[PDB]
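Single-structure report; data block below.
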Amino acid sequence: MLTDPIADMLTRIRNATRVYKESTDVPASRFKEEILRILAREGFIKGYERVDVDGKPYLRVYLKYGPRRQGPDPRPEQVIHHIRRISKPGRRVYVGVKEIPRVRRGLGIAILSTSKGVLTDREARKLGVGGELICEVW
Amino acid sequence: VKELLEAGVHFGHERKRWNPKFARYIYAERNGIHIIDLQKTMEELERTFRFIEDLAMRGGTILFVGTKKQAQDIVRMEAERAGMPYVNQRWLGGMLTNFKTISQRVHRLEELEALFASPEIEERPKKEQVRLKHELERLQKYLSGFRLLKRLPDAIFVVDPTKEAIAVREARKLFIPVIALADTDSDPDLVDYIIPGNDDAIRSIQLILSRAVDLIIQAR
Amino acid sequence: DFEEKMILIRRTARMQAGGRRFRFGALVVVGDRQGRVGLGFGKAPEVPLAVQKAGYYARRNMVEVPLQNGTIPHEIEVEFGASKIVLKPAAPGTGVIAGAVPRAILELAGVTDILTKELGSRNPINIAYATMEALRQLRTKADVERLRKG
RNA sequence: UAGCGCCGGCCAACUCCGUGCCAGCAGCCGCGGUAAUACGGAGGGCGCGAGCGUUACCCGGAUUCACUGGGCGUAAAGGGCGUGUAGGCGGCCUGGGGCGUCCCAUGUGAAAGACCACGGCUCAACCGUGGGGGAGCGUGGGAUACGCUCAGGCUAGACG
RNA sequence: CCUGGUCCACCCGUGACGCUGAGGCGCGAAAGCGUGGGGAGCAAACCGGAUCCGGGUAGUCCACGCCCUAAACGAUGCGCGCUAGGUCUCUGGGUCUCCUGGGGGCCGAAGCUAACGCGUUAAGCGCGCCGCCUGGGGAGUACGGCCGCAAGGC
RNA sequence: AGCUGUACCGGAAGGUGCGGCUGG
């Protein structure tokens, strides 16, 4: 069965990017909505919209790619080069304010589910709180 | 539209052959055949034609690549009615990545052509003359039209991107923009400026190439 | 304008009709110490021919490194076959910390301060290719901003 | 007062004479049967220096027990299969609790050792003064995003 | 005759009742053993010939108990989600030349692999749980323990 | 053809019976 919905979304997005689809569909959840909102704010994806697939609520994610390239293999550069799940069921990862990771010298972002909702590494450090390290994106 | 419809441009190949990557250009399916969306064809044609017009105005060089059985004569006639070179017999592997080597053959053909029109041919007895005749005939058949290229071209025009995949690869490797008259069984991603049309149906190729060459001539 | 040094010379053999035929392979890195590097592999019957061919090849397979304060913008790990390379930025006044192959590649690129590591198979050819691939996959702040925001 | 090791590759530093699978060297590869920069001596040269080498033990290189940071078609590695106990993990929509989790304040975390600053032995080792940092735990007060639990609803898993 | 699993259509009911599984329990080709029957053909060991052929006991068969191994292999643990297609074939359903499920193969996008190759039946991208590896030989050997009448197995 | 579990060799640089696999 489906054990980790968040990992499911991460893999879905990765698989969508790797084949250059304009949009993808995912089962609906509030926490997933929050994650996608964070991603959209940081300009990783073109944006999300709540839709309905044959009765069931879904979210359609519109993806963003780079410009068409030259030479052999003209496939554009990805905007999401690498997305990884940190805290998984069976081994949860919790970090304090002092242990918040820096991803790619600030070129990347990390998602923290803290007491004050879902934040990036920057804003989590700003508000001076720690939480659960959901995933890293760069 | 109204000029493309009668030429059978919008008639593709069967369901058996269609390349998935081309699906974005399919209008609908009827009678076990695929249909290309006329509208999309129209704006793609507009874009590519604008590019070709600009390149012609700047004084660029375009190479014509059509080898398919029915397209040989069309390519020949359409190319001759312009300064642009062409390849219409068979794409020798390495006309671009190995341009120098083929230029050696161009030089050889030039030297032979000069020799046969010289009053020094009274040497080299009849049999050697016949051998040289055979050599000259072969080089003329294969290397005609290509002789115009003093250097690397500025763009490439291909009738079928799949049949002439080697030429596409070479052009991609040497940063040469590609113009293709693709169909249902082609890869859109490998062509910078694509015309979704037909590769069979002499009428379609005639129309497209005639329009292209007229645009070339007009912009000079 | 471009200065040259050798990664490695090797001699390979092939059987024939009662005998051995030897061909020489050269791995050559070229650079300008300004943020541009090239790598080539040349195979020839003779050593000078191999060196010439390798340099000739390297002169086109060209890479621009986005240098800043003579160090890499960000850390990167790259897998090529069974080889792994790890590169990390360093503060000014650290020095090139690398093996023969990575040091040779990075010095010609103008890199002055970096921490490197080799993992898995340590075959020179694959390490060199991995290093080049890692160099090709480097971005700066400006590039990321342009792609994201636009 | 100037000694000790090494000079084939790893690894910095080459030439003569003696012996001819003998005497020997050897950390690995290996060197020695007429050329041997690899044995012994000499000349010369590298490295360190009142020290220089050898042996024994620990960590590293070893991502070679892989939490960071490995794997199991053919290199070592999927149990001969099923049912299932303990255990491990687990759909979405609102609430209550605040155990895990995060934050703030405070107590402790002795002295010496580690770090930083200054200072006393002619300098340094050595020592002194001062300032912090510190994993963890106790007490008091906050938050509910995620895990947990207690209530209610749903049909996309499962079952009929 | 009795009985297990499974698939499709209707979308009618329950409202998370699910996945995996150390031990345990059961099944487990062939060969082999015990208590009884049976024995046409074939055939270990064995009896003869020229140095493969002719015979021939156990065994192969049945009932009830043991034994528990293997190139027990797809040399690929189980469950769920995502990621282009083409072709052949088995079996269902529809508005029937096509559309939609569930199996068995072949070519191949992206991707993975050291390579061979795999590729919606993944050896790809992931999550959950169990089993196993730490250079070759010695060696699946020695001692100990458990199982079995024994060979032997773990 | 090779390999393999098992069961036997008083004409054993291996042989045969019952299977199984292609790593022919």
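Here's how to read the names in the structure tokens: chain A, B, ... by the order shown, residue numbers from 1 in each chain, ligand numbers from 1 in the order shown.
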
- Where does DSSP see helix (DSSP H, G or I) in region 144-188 of chain B, if you list the residues as a ChimeraX atom specification? /B:146-148,165-173,188

Write the residues you've just listed into a file as a compact mmCIF listing (two decimals), in the first residue's frame, and include N, CA, C and O atoms for each of them.
# COMPACT_ATOMS: atom_id res chain seq x y z
N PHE B 146 26.84 19.59 -54.18
CA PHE B 146 27.66 19.75 -52.99
C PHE B 146 28.88 20.63 -53.30
O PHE B 146 29.47 21.22 -52.40
N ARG B 147 29.23 20.72 -54.59
CA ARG B 147 30.39 21.44 -55.08
C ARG B 147 30.32 22.93 -54.75
O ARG B 147 31.36 23.59 -54.69
N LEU B 148 29.11 23.46 -54.54
CA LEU B 148 28.90 24.88 -54.31
C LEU B 148 29.42 25.31 -52.94
O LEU B 148 29.85 26.45 -52.78
N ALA B 165 18.48 10.78 -40.71
CA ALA B 165 18.83 10.97 -39.31
C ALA B 165 20.31 11.29 -39.13
O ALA B 165 20.67 12.03 -38.21
N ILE B 166 21.15 10.76 -40.03
CA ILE B 166 22.59 10.95 -39.98
C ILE B 166 22.92 12.43 -40.19
O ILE B 166 23.73 12.99 -39.46
N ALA B 167 22.27 13.04 -41.19
CA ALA B 167 22.46 14.45 -41.50
C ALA B 167 22.01 15.31 -40.32
O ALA B 167 22.67 16.30 -40.00
N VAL B 168 20.91 14.91 -39.68
CA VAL B 168 20.36 15.62 -38.53
C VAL B 168 21.38 15.59 -37.39
O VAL B 168 21.65 16.62 -36.78
N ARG B 169 21.97 14.41 -37.15
CA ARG B 169 22.96 14.23 -36.08
C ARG B 169 24.18 15.12 -36.35
O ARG B 169 24.68 15.76 -35.42
N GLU B 170 24.64 15.15 -37.61
CA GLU B 170 25.81 15.93 -37.98
C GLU B 170 25.55 17.42 -37.76
O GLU B 170 26.38 18.10 -37.16
N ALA B 171 24.39 17.89 -38.22
CA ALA B 171 24.01 19.29 -38.09
C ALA B 171 23.89 19.67 -36.62
O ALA B 171 24.36 20.74 -36.23
N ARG B 172 23.31 18.78 -35.80
CA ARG B 172 23.18 19.00 -34.37
C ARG B 172 24.57 19.11 -33.73
O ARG B 172 24.78 19.98 -32.88
N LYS B 173 25.49 18.25 -34.16
CA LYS B 173 26.84 18.20 -33.60
C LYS B 173 27.62 19.47 -33.95
O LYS B 173 28.49 19.87 -33.18
N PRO B 188 10.05 15.70 -33.13
CA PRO B 188 10.06 17.16 -33.18
C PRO B 188 11.22 17.82 -32.44
O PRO B 188 11.69 18.88 -32.85

- Message: I'd like the neighbourhood of region 61-72 of chain C as a list in words, where a residue qualifies if any of its atoms comes within 9 Å (using only C-alpha atoms (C1' of nucleotides)), though same-chain residues fewer than 5 positions away should be ignored.
- Response: residues 34, 35, 36, 37, 38, 39, 40, 87, 88, 89, 90, 91, 92, 109, 110, 111, 112, 113, 114, 132, 135, 136, 138, 139 and 140 of chain C

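Proximity to chain D at a cut-off of 6 Å picks out residues 3, 113, 114, 115, 117, 130 and 131 of chain A on chain A, counting only C-alpha atoms (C1' of nucleotides).
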
- Query: Taking only C-alpha atoms (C1' of nucleotides) into account, what are the residues of chain C at most 12 Å from chain D, put as a ChimeraX atom specification?
  - Reply: /C:83-84,117-121

- Message: Could you list, as a PyMOL selection string, every residue within 12 Å of region 74-76 of chain A, counting only C-alpha atoms (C1' of nucleotides) and ignoring same-chain residues fewer than 6 positions away?
- Response: (chain A and resi 17-20+64-68) or (chain B and resi 169+172-173+175+177+188-192) or (chain C and resi 147) or (chain E and resi 110)

Just N, CA and C atoms (P, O5', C5', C4', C3', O3' and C1' of nucleotides) for this one: save the residues we selected as a PDB file, in the first residue's frame.
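Produced file part-v2.pdb, reproduced below:
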ATOM      1  N   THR A  17       9.339  15.647 -14.318  1.00  0.00           N
ATOM      2  CA  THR A  17      10.398  16.526 -14.800  1.00  0.00           C
ATOM      3  C   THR A  17      11.299  15.780 -15.783  1.00  0.00           C
ATOM      4  N   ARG A  18      11.626  14.520 -15.463  1.00  0.00           N
ATOM      5  CA  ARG A  18      12.616  13.764 -16.218  1.00  0.00           C
ATOM      6  C   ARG A  18      12.117  13.411 -17.622  1.00  0.00           C
ATOM      7  N   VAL A  19      10.818  13.621 -17.887  1.00  0.00           N
ATOM      8  CA  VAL A  19      10.238  13.325 -19.191  1.00  0.00           C
ATOM      9  C   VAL A  19       9.656  14.583 -19.840  1.00  0.00           C
ATOM     10  N   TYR A  20       9.775  15.732 -19.158  1.00  0.00           N
ATOM     11  CA  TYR A  20       9.400  17.034 -19.698  1.00  0.00           C
ATOM     12  C   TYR A  20       7.899  17.089 -19.991  1.00  0.00           C
ATOM     13  N   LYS A  64       7.897  23.946 -14.559  1.00  0.00           N
ATOM     14  CA  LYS A  64       8.709  24.939 -15.242  1.00  0.00           C
ATOM     15  C   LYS A  64      10.028  24.305 -15.677  1.00  0.00           C
ATOM     16  N   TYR A  65      10.429  24.601 -16.919  1.00  0.00           N
ATOM     17  CA  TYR A  65      11.683  24.126 -17.483  1.00  0.00           C
ATOM     18  C   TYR A  65      12.513  25.312 -17.966  1.00  0.00           C
ATOM     19  N   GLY A  66      13.747  25.017 -18.391  1.00  0.00           N
ATOM     20  CA  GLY A  66      14.645  26.006 -18.961  1.00  0.00           C
ATOM     21  C   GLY A  66      14.375  26.232 -20.447  1.00  0.00           C
ATOM     22  N   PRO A  67      15.091  27.175 -21.103  1.00  0.00           N
ATOM     23  CA  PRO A  67      14.965  27.363 -22.549  1.00  0.00           C
ATOM     24  C   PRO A  67      15.635  26.225 -23.314  1.00  0.00           C
ATOM     25  N   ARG A  68      15.129  25.977 -24.530  1.00  0.00           N
ATOM     26  CA  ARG A  68      15.673  24.986 -25.446  1.00  0.00           C
ATOM     27  C   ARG A  68      17.146  25.290 -25.712  1.00  0.00           C
TER      28      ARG A  68
ATOM     29  N   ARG B 169      21.974  14.407 -37.145  1.00  0.00           N
ATOM     30  CA  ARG B 169      22.958  14.233 -36.085  1.00  0.00           C
ATOM     31  C   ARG B 169      24.178  15.115 -36.346  1.00  0.00           C
ATOM     32  N   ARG B 172      23.308  18.782 -35.802  1.00  0.00           N
ATOM     33  CA  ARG B 172      23.184  19.003 -34.368  1.00  0.00           C
ATOM     34  C   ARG B 172      24.566  19.114 -33.727  1.00  0.00           C
ATOM     35  N   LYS B 173      25.494  18.249 -34.157  1.00  0.00           N
ATOM     36  CA  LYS B 173      26.838  18.201 -33.602  1.00  0.00           C
ATOM     37  C   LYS B 173      27.620  19.466 -33.952  1.00  0.00           C
ATOM     38  N   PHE B 175      26.232  22.553 -34.590  1.00  0.00           N
ATOM     39  CA  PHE B 175      25.447  23.739 -34.261  1.00  0.00           C
ATOM     40  C   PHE B 175      24.865  24.383 -35.522  1.00  0.00           C
ATOM     41  N   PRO B 177      21.456  24.947 -37.518  1.00  0.00           N
ATOM     42  CA  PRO B 177      19.995  24.876 -37.432  1.00  0.00           C
ATOM     43  C   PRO B 177      19.388  23.983 -38.512  1.00  0.00           C
ATOM     44  N   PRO B 188      10.050  15.699 -33.135  1.00  0.00           N
ATOM     45  CA  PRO B 188      10.056  17.164 -33.184  1.00  0.00           C
ATOM     46  C   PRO B 188      11.220  17.821 -32.443  1.00  0.00           C
ATOM     47  N   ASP B 189      11.710  17.160 -31.385  1.00  0.00           N
ATOM     48  CA  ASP B 189      12.708  17.733 -30.493  1.00  0.00           C
ATOM     49  C   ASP B 189      14.065  17.886 -31.180  1.00  0.00           C
ATOM     50  N   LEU B 190      14.300  17.126 -32.256  1.00  0.00           N
ATOM     51  CA  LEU B 190      15.599  17.120 -32.914  1.00  0.00           C
ATOM     52  C   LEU B 190      15.689  18.192 -34.003  1.00  0.00           C
ATOM     53  N   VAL B 191      14.599  18.943 -34.216  1.00  0.00           N
ATOM     54  CA  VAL B 191      14.540  19.954 -35.263  1.00  0.00           C
ATOM     55  C   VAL B 191      14.203  21.302 -34.628  1.00  0.00           C
ATOM     56  N   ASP B 192      15.007  22.324 -34.949  1.00  0.00           N
ATOM     57  CA  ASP B 192      14.818  23.666 -34.419  1.00  0.00           C
ATOM     58  C   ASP B 192      13.570  24.301 -35.031  1.00  0.00           C
TER      59      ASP B 192
ATOM     60  N   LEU C 147      16.881  31.312 -14.107  1.00  0.00           N
ATOM     61  CA  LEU C 147      16.043  30.163 -14.413  1.00  0.00           C
ATOM     62  C   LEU C 147      14.768  30.188 -13.570  1.00  0.00           C
TER      63      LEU C 147
ATOM     64  P     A E 110      16.445   6.925 -25.228  1.00  0.00           P
ATOM     65  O5'   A E 110      16.004   7.614 -23.860  1.00  0.00           O
ATOM     66  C5'   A E 110      15.725   9.026 -23.787  1.00  0.00           C
ATOM     67  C4'   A E 110      15.091   9.374 -22.462  1.00  0.00           C
ATOM     68  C3'   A E 110      15.919   9.039 -21.227  1.00  0.00           C
ATOM     69  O3'   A E 110      16.874  10.044 -20.918  1.00  0.00           O
ATOM     70  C1'   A E 110      13.737   8.203 -20.932  1.00  0.00           C
TER      71        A E 110
END

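Interface residues on chain E toward chain A (cut-off 8 Å, only C-alpha atoms (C1' of nucleotides)): residues 18, 19, 79, 80, 81, 82, 83, 110, 125, 126, 127 and 128 of chain E.
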
- Query: Could you write out as number ranges by chain the residues of chain E within 12 Å of chain B, counting only C-alpha atoms (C1' of nucleotides)?
  - Reply: E: 84-87, 97-98, 109-110

Please, which residues in chain C fall within 8 Å of chain A when counting only C-alpha atoms, and what is the closest atom pair and distance in Å to one decimal for each, ordered by chain then residue number, as a tab-separated table?
residue	atom	partner	partner_atom	distance
C:73	CA	A:105	CA	7.9
C:74	CA	A:104	CA	5.6
C:75	CA	A:104	CA	6.3
C:140	CA	A:107	CA	8.0
C:141	CA	A:107	CA	6.6
C:144	CA	A:107	CA	7.3
C:147	CA	A:66	CA	6.3
C:148	CA	A:43	CA	5.2
C:149	CA	A:43	CA	6.2

Write the residues of the preceding selection, restricted to C-alpha atoms, as a PDB file, in the first residue's frame.
ATOM      1  CA  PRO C  73      30.509  28.309  -6.274  1.00  0.00           C
ATOM      2  CA  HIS C  74      29.095  25.247  -4.474  1.00  0.00           C
ATOM      3  CA  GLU C  75      29.828  21.623  -3.539  1.00  0.00           C
ATOM      4  CA  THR C 140      26.202  30.393  -9.964  1.00  0.00           C
ATOM      5  CA  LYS C 141      23.667  32.557  -8.108  1.00  0.00           C
ATOM      6  CA  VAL C 144      19.731  29.967 -10.693  1.00  0.00           C
ATOM      7  CA  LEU C 147      16.043  30.163 -14.413  1.00  0.00           C
ATOM      8  CA  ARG C 148      13.761  30.483 -11.363  1.00  0.00           C
ATOM      9  CA  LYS C 149      12.461  34.063 -11.489  1.00  0.00           C
TER      10      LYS C 149
END

- Item | Selection near region 52-58 of chain C, 10 Å with only C-alpha atoms (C1' of nucleotides), sequence-local residues under 4 positions removed, as a ChimeraX atom specification | /C:4-6,25-31,37-44,47-48,62

- Query: If you count only C-alpha atoms (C1' of nucleotides), which residues fall within 12 Å of residue 133 (chain D), apart from same-chain ones fewer than 3 positions away, as a PyMOL selection string?
  - Reply: chain D and resi 114-116

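In this model, the gap between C1' of residue 105 (chain E) and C1' of residue 88 (chain E) comes to 7.8 Å.
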
- Item | Spatial neighbours of residue 36 (chain A), 9 Å, only C-alpha atoms (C1' of nucleotides), chain gap at least 3 places, as a list in words | residues 31, 32, 33, 39, 40, 41, 45, 47, 48 and 61 of chain A

If you keep N, CA, C and O atoms, can you produce a file of those selected residues as a compact mmCIF listing (two decimals), in the first residue's frame?
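File result-v2.txt, as written:
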# COMPACT_ATOMS: atom_id res chain seq x y z
N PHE A 31 -1.35 19.11 3.75
CA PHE A 31 0.08 19.20 3.97
C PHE A 31 0.81 19.25 2.63
O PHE A 31 1.76 20.02 2.47
N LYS A 32 0.34 18.44 1.68
CA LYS A 32 0.84 18.45 0.31
C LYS A 32 0.61 19.81 -0.34
O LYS A 32 1.49 20.30 -1.05
N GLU A 33 -0.56 20.41 -0.08
CA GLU A 33 -0.88 21.74 -0.58
C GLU A 33 0.14 22.75 -0.07
O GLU A 33 0.60 23.61 -0.82
N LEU A 39 6.92 25.50 -2.64
CA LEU A 39 7.68 25.31 -3.87
C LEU A 39 7.38 26.44 -4.87
O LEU A 39 8.30 26.97 -5.48
N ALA A 40 6.09 26.80 -5.00
CA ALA A 40 5.65 27.81 -5.95
C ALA A 40 6.21 29.18 -5.57
O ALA A 40 6.66 29.92 -6.45
N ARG A 41 6.21 29.49 -4.27
CA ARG A 41 6.70 30.77 -3.78
C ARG A 41 8.18 30.95 -4.13
O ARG A 41 8.61 32.06 -4.42
N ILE A 45 8.23 25.61 -9.46
CA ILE A 45 7.19 25.11 -10.35
C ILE A 45 6.33 26.29 -10.79
O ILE A 45 6.19 27.27 -10.06
N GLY A 47 3.11 26.37 -11.08
CA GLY A 47 2.08 26.54 -10.06
C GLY A 47 1.08 25.39 -10.00
O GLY A 47 0.95 24.60 -10.93
N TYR A 48 0.34 25.33 -8.88
CA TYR A 48 -0.60 24.25 -8.62
C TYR A 48 -2.03 24.77 -8.65
O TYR A 48 -2.28 25.95 -8.41
N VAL A 61 -0.24 20.04 -11.01
CA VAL A 61 0.96 20.85 -10.87
C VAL A 61 1.50 21.13 -12.26
O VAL A 61 1.77 20.21 -13.03

- Message: Need the shell around residue 79 (chain B): protein/DNA/RNA residues with any atom at most 10 Å away, counting only C-alpha atoms (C1' of nucleotides). Skip same-chain ones fewer than 2 positions apart. Format as a ChimeraX atom specification?
- Response: /B:62-65,73-77,81-88,145,209-210,213

- Task: Work out how far apart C1' of residue 151 (chain E) and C1' of residue 68 (chain E) are and give it in Å to one decimal.
- Result: 13.2 Å

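Within 7 Å of chain B, and using only C-alpha atoms, the residues found on chain A are residues 70, 71 and 72 of chain A.
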
N, CA, C and O atoms of the current selection, written as an mmCIF file, in the first residue's frame:
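Saved as result-v9.cif:
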data_model
loop_
_atom_site.group_PDB
_atom_site.id
_atom_site.type_symbol
_atom_site.label_atom_id
_atom_site.label_comp_id
_atom_site.auth_asym_id
_atom_site.auth_seq_id
_atom_site.Cartn_x
_atom_site.Cartn_y
_atom_site.Cartn_z
ATOM 1 N N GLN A 70 21.158 24.148 -27.488
ATOM 2 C CA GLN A 70 21.766 23.865 -28.780
ATOM 3 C C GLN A 70 22.658 22.629 -28.674
ATOM 4 O O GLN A 70 22.861 22.085 -27.589
ATOM 5 N N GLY A 71 23.181 22.190 -29.827
ATOM 6 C CA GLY A 71 24.055 21.032 -29.905
ATOM 7 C C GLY A 71 23.286 19.724 -29.737
ATOM 8 O O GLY A 71 22.056 19.737 -29.682
ATOM 9 N N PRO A 72 23.979 18.562 -29.650
ATOM 10 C CA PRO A 72 23.310 17.276 -29.438
ATOM 11 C C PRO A 72 22.585 17.262 -28.095
ATOM 12 O O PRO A 72 23.037 17.891 -27.139
#

- Within 12 Å of chain C, which residues of chain E are there when counting only C-alpha atoms (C1' of nucleotides)? Please give them as a VMD selection string. chain E and resid 112 to 115

Next, dump the selected residues to file, keeping only C-alpha atoms (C1' of nucleotides), as a PDB file, in the first residue's frame.
ATOM      1  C1'   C E 112      19.850   2.214 -14.943  1.00  0.00           C
ATOM      2  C1'   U E 113      24.376  -1.258 -15.585  1.00  0.00           C
ATOM      3  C1'   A E 114      31.457  -2.628 -15.182  1.00  0.00           C
ATOM      4  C1'   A E 115      29.549  -4.964 -19.442  1.00  0.00           C
TER       5        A E 115
END

- Task: Counting only C-alpha atoms, figure out which residue out of C:129, C:9, C:46, C:60 gets nearest to chain B.
- Result: C:60

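Nearest-residue note for residue 22 (chain F): choosing from E:64, E:96, E:53, E:75, the minimum distance belongs to E:75, counting only C-alpha atoms (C1' of nucleotides).
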
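Per DSSP on the backbone, strand (DSSP E) in region 87-215 of chain B comprises residues 87, 155, 156, 157, 158, 178, 179, 180, 193 and 194 of chain B.
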